[PDB]
Amino acid sequence: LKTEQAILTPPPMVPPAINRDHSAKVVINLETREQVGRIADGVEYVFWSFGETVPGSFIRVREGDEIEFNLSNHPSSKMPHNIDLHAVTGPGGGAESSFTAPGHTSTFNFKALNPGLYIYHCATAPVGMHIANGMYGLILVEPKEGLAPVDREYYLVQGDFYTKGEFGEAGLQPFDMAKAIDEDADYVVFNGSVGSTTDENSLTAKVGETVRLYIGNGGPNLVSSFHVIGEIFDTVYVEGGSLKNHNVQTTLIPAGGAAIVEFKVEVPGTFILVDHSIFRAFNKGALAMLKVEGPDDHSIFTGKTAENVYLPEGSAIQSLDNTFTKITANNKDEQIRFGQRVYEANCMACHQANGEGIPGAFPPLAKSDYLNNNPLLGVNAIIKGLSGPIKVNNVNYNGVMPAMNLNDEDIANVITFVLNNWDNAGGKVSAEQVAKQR
Amino acid sequence: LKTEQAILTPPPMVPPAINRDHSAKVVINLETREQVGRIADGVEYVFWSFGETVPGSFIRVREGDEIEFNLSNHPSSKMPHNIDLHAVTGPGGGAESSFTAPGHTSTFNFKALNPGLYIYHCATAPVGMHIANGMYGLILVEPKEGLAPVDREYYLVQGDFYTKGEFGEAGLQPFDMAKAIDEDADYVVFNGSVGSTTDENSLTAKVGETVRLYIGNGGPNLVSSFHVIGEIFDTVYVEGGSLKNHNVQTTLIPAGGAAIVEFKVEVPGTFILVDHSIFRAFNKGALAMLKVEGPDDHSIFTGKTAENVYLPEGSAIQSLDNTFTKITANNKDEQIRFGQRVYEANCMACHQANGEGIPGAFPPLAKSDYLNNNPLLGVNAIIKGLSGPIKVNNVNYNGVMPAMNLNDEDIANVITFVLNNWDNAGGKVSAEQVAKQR
Amino acid sequence: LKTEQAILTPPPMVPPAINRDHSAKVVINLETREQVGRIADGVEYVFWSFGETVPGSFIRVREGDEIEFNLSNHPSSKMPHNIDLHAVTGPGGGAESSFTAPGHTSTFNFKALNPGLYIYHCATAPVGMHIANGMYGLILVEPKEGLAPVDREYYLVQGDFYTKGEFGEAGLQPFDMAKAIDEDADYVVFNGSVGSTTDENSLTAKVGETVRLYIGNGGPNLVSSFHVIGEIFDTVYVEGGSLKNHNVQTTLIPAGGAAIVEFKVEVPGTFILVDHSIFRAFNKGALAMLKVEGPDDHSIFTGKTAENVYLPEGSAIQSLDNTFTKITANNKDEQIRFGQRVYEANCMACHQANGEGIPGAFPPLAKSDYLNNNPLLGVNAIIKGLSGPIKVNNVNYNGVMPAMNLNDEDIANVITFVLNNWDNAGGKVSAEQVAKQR
Ligand code: HEM
Ligand code: HEM
Ligand code: HEM
Ligand SMILES: OC[C@H]1O[C@@](CO)(O[C@H]2O[C@H](CO)[C@@H](O)[C@H](O)[C@H]2O)[C@@H](O)[C@@H]1O
Ligand SMILES: OC[C@H]1O[C@@](CO)(O[C@H]2O[C@H](CO)[C@@H](O)[C@H](O)[C@H]2O)[C@@H](O)[C@@H]1O
Ligand SMILES: OC[C@H]1O[C@@](CO)(O[C@H]2O[C@H](CO)[C@@H](O)[C@H](O)[C@H]2O)[C@@H](O)[C@@H]1O
Ligand SMILES: [Cu+2]
Ligand SMILES: [Cu+2]
Ligand SMILES: [Cu+2]
Ligand SMILES: [Cu+2]
Ligand SMILES: [Cu+2]
Ligand SMILES: [Cu+2]
């Protein structure tokens with residue numbers, strides 16, 4: 001086996017196809033860095049990265065290659081870093097073997113046993129923090145026979161980011177672990193920032209070309225409903241596996257997962273890669289462009305065209321004139337009818353459509369001496385819950401009704417509804433009577 | 001090519017199978033509307049829609065058809081509207097070409113190049129708002145050879161809705177973008193409202209029939225774990241693609257995605273379509289019915305039967321009697337043992353099971369002169385974090401320990417635990433000593 | 001048909017392969033229990049379960065078997081319980097037919113028509129609560145020809161849990177429905193607790209063995225990005241269906257869904273099953289171990305090895321020294337430039353890059369007499385929204401601009417930017433002028 005140096009490429013670029021009918025020893029040299037970068041216009045963030053970029057450098061090897069993996073951590077790094085590649089068969093995917101303090105180096109070796117497109121990421125405590133700061137990338141293990149040649153290959157990885165400040169707030173934004181743990185992202189992006197791959201930084205192709213996208217999802221947390229606006233995937237390698245799906249509009253990419261999608265571009269214009277959990281795209285930044293140049297094909301698409309729609313919208317909260325006014329019951333008939341709504345929405349699942357309950361389990365509200373003898377017991381049952389021995393129409397019950405957080409109006413109305421149905425005692429209970437039971 | 005008028009159907013109905021062995025020019029006329037509708041009993045919402053319904057009218061064409069797409073916006077609309085169909089190969093899926101102010105019309109043309117079941121939706125700023133208000137539907141592009149005939153075809157699309165008020169609050173509810181951006185839905189529904197397709201509005205079939213469901217997910221945000229209670233999918237077209245999976249209980253439908261599922265119904269009764277992220281179904285409204293009529297088959301299923309379970313439950317918070325009481329350490333042995341728990345749960349990932357750390361990266365807590373000489377430094381390290389040059393047992397460290405938001409009791413206990421292990425100095429630190437370090 | 005007793009196994013164990021070339025009548029006896037168990041060290045929780053464990057007992061049958069299902073509810077249970085098995089063709093998956101009050105029993109019969117690995121769970125109101133308390137398990141319906149023999153079979157089910165207290169808080173923790181409805185989990189676990197299947201409770205195998213995992217996701221709410229650290233799935237049965245995917249790093253398991261994954265273990269060490277929405281694994285508890293014993297294979301993996309990484313981290317919030325300082329504009333040129341950022345991030349999607357808008361829909365900001373004549377109208381448009389008839393450069397508009405929740409500084413800056421572009425009137429608006437418009 002001859003040794004070769006891996007050619008690593010920054011996103012959105014991909015190394016050339018392997019030019020070997022046989023195995024080699026591949027030497028990889030990757031460094032870990034911590035540095036400030038732009039996350040959106042006017043907003044900065046300390047990105048942690050494999051090789052200077054988020055996602056990290058793309059690695060391309062052949063199934064069966066013997067890999068020497070060298071990780072070096074810059075001395076300016078404050079944290080140790082390591083690597084788990086999903087392409088590795090071995091403990092921690094390399095994590096135990098690549099633990100690298102600032103200024104130091106580690107080396108491990110592995111054979112690439114499985115072809116596919118694999119996420120790699122840092123595996124240093126706090127793991128979610130390292131990953132959330134941008135420490136992820138892709139390694140392609142080509143099948144022995146190689147992949148079909150295509151005209152354009154691009155590398156993108158989606159990530160969710162969590163900042164102390166809100167989206168768009170100017171300044172150097174720190175990581176917010178409270179948001180990250182809650183899975184509540186401020187930014188969702190391809191390739192490390194809002195607008196990383198739009199306008200002059202767009203992916204490019206020409207009419208008639210085949211395009212392949214190597215799409216990863218570094219997470220840490222979110223699952224991508226991955227879609228290209230104005231295109232349909234001719235082929236999807238399902239979850240990056242061997243299975244090929246065709247004619248797919250939108251595919252799910254797991255957190256810590258990847259997929260390969262392919263399509264021929266037949267019409268010129270801008271095609272927009274998004275996470276179709278759609279506020280992530282137009283509000284949080286999960287929007288990249290593929291700009292296709294060449295002659296119109298009016299047999300495929302013809303219409304007015306102007307790049308004045310599908311622009312980024314930001315994350316400010318937009319509101320229309322509010323239409324809501326509180327409604328309260330004014331008389332007994334109205335309490336009964338409002339109460340029926342409360343009953344059917346909240347009580348019926350147990351006590352049933354005609355108040356009959358389920359014998360031995362949920363007692364009847366229909367002709368209930370328990371309720372009729374003191375309607376405030378029905379009020380208390382809702383507010384406080386009801387458990388333990390009770391008697392309803394001389395039948396013993398011993399179940400548990402949960403407390404339910406209904407307001408005074410709803411309780412007053414539902415109890416009034418029940419009292420005026422199913423041969424119960426009639427009368428009514430008011431919201432103020434309920435308030436005083438609290 | 002002869003021209004034909006597309007027959008558009010409201011949910012849950014589907015147009016008839018294409019009756020052509022060849023291509024046609026298909027003319028579609030679709031209008032956009034804004035109008036109040038019911039979202040749950042007593043609750044109203046301003047739905048924005050393609051053709052009057054949420055989801056919009058179903059469109060059925062054949063692969064290779066030349067489509068003339070006409071969109072008209074009613075003059076009562078306050079907003080412009082447009083359309084992106086996932087079936088279109090072309091910029092914006094038609095969005096740039098169909099931008100239609102109230103009272104106006106737009107026309108574009110496209111060829112349906114890819115067979116499948118495709119989401120369409122509005123693409124007008126604010127995009128998430130337009131989609132969240134109900135502007136989505138499905139277009140079926142039949143394969144040239146057509147689909148197998150089945151006895152029943154139904155159209156459903158799941159959507160997540162975001163209201164200023166809580167679930168079930170009577171009144172005209174406005175859209176809440178703050179909730180939408182956070183992906184925190186008040187309602188999750190099929191076909192535009194809670195109970196849209198239950199009881200008298202159920203889907204129907206007869207024992208022995210084959211049923212096909214065209215199921216979309218308009219989002220905007222949520223991914224559906226789509227399941228039919230009491231049934232198993234005989235076939236799933238994976239993510240709406242060419243790939244067929246069989247014997248699937250539950251399938252993921254991406255936001256802005258779709259799938260076709262098929263099953264033969266062999267037993268009578270009510271079968272319940274749900275999103276199996278299960279609070280969405282029984283609490284938030286993602287519950288539709290397929291009622292199957294015909295003779296029992298006791299060789300397949302026999303049991304007591306009564307439609308008194310799996311009823312809608314509403315979204316009120318139910319609580320059982322609370323069992324929780326705060327626990328604090330009463331003596332040194334107890335502080336040590338409680339501290340061991342805090343240590344193993346929060347500190348060990350770096351400082352290791354026996355306090356040895358990782359040389360050069362995480363300093364030892366075992367026989368730590370740094371801690372033993374002033375235990376309050378350990379307290380401060382947790383409260384404030386610790387970074388920069390330190391010395392531990394004459395070894396230099398320069399790492400960064402994050403601040404960790406542990407309370408006074410937990411800090412006091414973990415520091416006491418460490419002091420009483422690994423040949424450290426003993427003694428203890430109290431919660432009040434920790435409080436005063438803050 | 002001979003009758004046989006189902007052998008039910010507790011997690012992570014699986015019953016032996018069916019030893020029959022033909023159908024049988026299989027009798028299942030399962031009980032429902034409510035009891036306190038550990039959820040994490042020092043933390044207890046009342047688990048509700050089928051047979052004593054979370055997940056419940058594993059059931060293994062053959063396609064075509066006639067099943068008699070007996071459910072018995074212990075008299076110490078406070079709640080009724082029932083069962084919906086996804087393997088059943090019939091109403092409620094058995095739910096209507098198995099409703100069992102404490103001290104009681106129910107029986108129903110069904111034929112297992114579809115092979116696969118199926119979730120079962122409780123279906124008693126409140127359904128989400130019963131499921132969230134641990135009431136789920138798996139039933140395997142073997143295909144008639146059986147599954148390939150493997151060396152190790154293990155049973156795991158992921159669940160999300162919701163407690164009143166925060167992760168790790170000592171005591172008996174009650175279920176928190178408010179968190180559950182919001183899908184905001186405190187714990188995410190395999191097999192019912194943090195550390196259920198780590199250390200001495202790890203899964204085990206030997207180098208060279210084939211391992212099959214029957215992996216379910218009981219939810220109630222979350223979807224698992226299921227991954228085994230240091231391994232690649234040789235085969236995945238997609239969503240538990242007939243379709244086989246190969247060489248998959250991470251697969252999505254739907255809530256109320258399952259999958260079978262297989263891999264040969266070729267290197268010794270600890271391999272870590274996780275949900276790769278990665279904070280769930282290292283912080284919330286979704287971390288199980290498979291420990292593989294045997295000789296090293298240095299041709300596959302060679303590196304330093306020490307089980308000092310990928311340790312559980314707990315859910316305390318960790319923070320690095322905060323780098324953020326608020327920035328405000330000091331002069332007109334700076335207001336203009338800061339305003340350009342606000343403009344491009346929040347306004348451009350409608351009013352366009354050069355302020356031209358879209359004729360008839362979004363009015364121009366370029367040379368806008370409306371704004372130039374009273375810049376405070378631009379301020380008000382943002383704060384309050386703007387709707388109804390207006391006139392811009394003698395052109396009538398009647399659209400609706402949403403209110404947008406921008407702060408005083410951002411509004412002052414964006415209006416100043418607009419005034420100083422596109423032949424507008426110049427001048428400026430200050431943050432204090434904006435404040436007073438509120
Ligand atoms: C706001 C909606 C509800 C109303 C108005 C309501 C009403 C009542 C009333 C008046 C009683 C006293 C006994 C009787 O008259 O039969 C009762 C008890 C009971 N309810 Fe409800 N209920 C509601 C919700 C629910 C729900 C959703 C469940 C099922 C999770 C439930 C289960 C029970 C049980 C088990 C008891 C007996 C408790 C014992 O034996 O101590 N209830 N309810
Ligand atoms: C509440 C749990 C923790 C306790 C009780 C604890 C304790 C301490 C103590 C007493 C020191 C001072 C030096 C020494 O005595 O060795 C220290 C420093 C340090 N710890 Fe922790 N620690 C905890 C959590 C963590 C975690 C989770 C990490 C890894 C993310 C970490 C990483 C470090 C580092 C890097 C230093 C050295 C800082 C410098 O060089 O300025 N610690 N810790
Ligand atoms: C903070 C960002 C924004 C600024 C500075 C801004 C500015 C203005 C101004 C000054 C006007 C008054 C008319 C004119 O001068 O042309 C106006 C009106 C209008 N804007 Fe905006 N705008 C912003 C955001 C948006 C967005 C995002 C939309 C689209 C969802 C929008 C849609 C409209 C419409 C429809 C009107 C006319 C309202 C009517 O006819 O009553 N604006 N805007
Ligand atoms: O002794 C730990 C110390 O050595 C370094 C290299 O200088 O890392 C070595 O030890 C790690 C943990 O065992 C290995 O994963 C790694 O391969 C090896 O180089 C420093 O990074 C570390 O602080
Ligand atoms: O001039 C914009 C104005 O014209 C209308 C039709 O009255 O829309 C036209 O312009 C749109 C944007 O370029 C096209 O997408 C559309 O096809 C075309 O009819 C109005 O809708 C719009 O306000
Ligand atoms: O009468 C309801 C009462 O009977 C029990 C058995 O004691 O359950 C029976 O009724 C259920 C509801 O119809 C059936 O699903 C079940 O098969 C049947 O045994 C009790 O559980 C219930 O409280
Ligand atoms: Cu790192
Ligand atoms: Cu990983
Ligand atoms: Cu619209
Ligand atoms: Cu779309
Ligand atoms: Cu139960
Ligand atoms: Cu289920």
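Order of appearance sets the numbers: ligands from 1, and atoms from 1 within every ligand. Residue numbers begin at 1 in each chain, while the letters A, B, ... track the order of the sequences. Heavy atoms only: backbone and side chains are in, while hydrogens, waters and symmetry mates are out.
Where the criterion is an N or O separation shorter than 3.5 Å, residue side chain and backbone included, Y370(B) fails it with respect to ligand 2. For ligand 6, the polar-atom distance check finds an N/O of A101(C) within less than 3.5 Å of one of the ligand's N/O atoms.
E68(C) and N70(C) share a donor-acceptor pair across their side chains, judged by distance under 3.5 Å alone. A donor and an acceptor atom, one from each side chain of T124(C) and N82(C), are located under 3.5 Å apart. Donor-acceptor pairing under 3.5 Å is recorded for the side chains of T100(C) and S106(C).
Proximity of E313(C) to ligand 2, defined as any heavy-atom pair under 4.0 Å, is not found for any part of the residue.
Checked against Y120(B) for a ring pair (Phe, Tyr, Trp, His ring centres under 6.0 Å), the options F50(B), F110(B), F69(B), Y136(B) give a single hit: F50(B).
Ring-centre distance between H276(A) and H86(B): below the 6.0 Å cut-off.
Here the CG atom belonging to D84(C) is positioned 11.0 Å from the OG atom belonging to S97(C), to the nearest 0.5 angstrom.
Crowding of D321(C) atom CG: a count of heavy atoms from other residues, nucleotides or ligands under 6.0 Å not exceeding 12.
The residue among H104(C), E96(C), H81(C) with a heavy atom at the shortest distance from atom 13 (O) of ligand 6 is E96(C).
Heavy atoms of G388(B) approach ligand 2 to within less than 4.0 angstrom. Residue contact check for ligand 2: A361(B) places a non-hydrogen atom closer than 4.0 Å to it. Residue contacts with ligand 2 include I382(B), since one or more of its heavy atoms lies under 4.0 Å from the ligand. At least one heavy atom of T105(C) sits closer than 4.0 Å to an atom of ligand 6.
Taking a cut-off of under 4.0 Å to the non-hydrogen atoms of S106(C), the atoms of ligand 6 that pass are 16 (C), 17 (O), 18 (C), 19 (O). Residue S97(C) approaches ligand 6 through these ligand atoms, each under 4.0 Å from one of its heavy atoms: 15 (O), 16 (C), 17 (O). For ligand 6, the atoms lying closer than 4.0 Å to a non-hydrogen atom of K304(B) are 17 (O), 18 (C). The atoms of ligand 6 that sit less than 4.0 Å from any heavy atom of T100(C) are 21 (O).
Shortest contact from atom 5 (C) of ligand 2 to any protein heavy atom: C347(B) SG, 3.6 Å.
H86(B) contributes atom NE2 as its closest N/O/S atom to the Cu ion (ligand 10).
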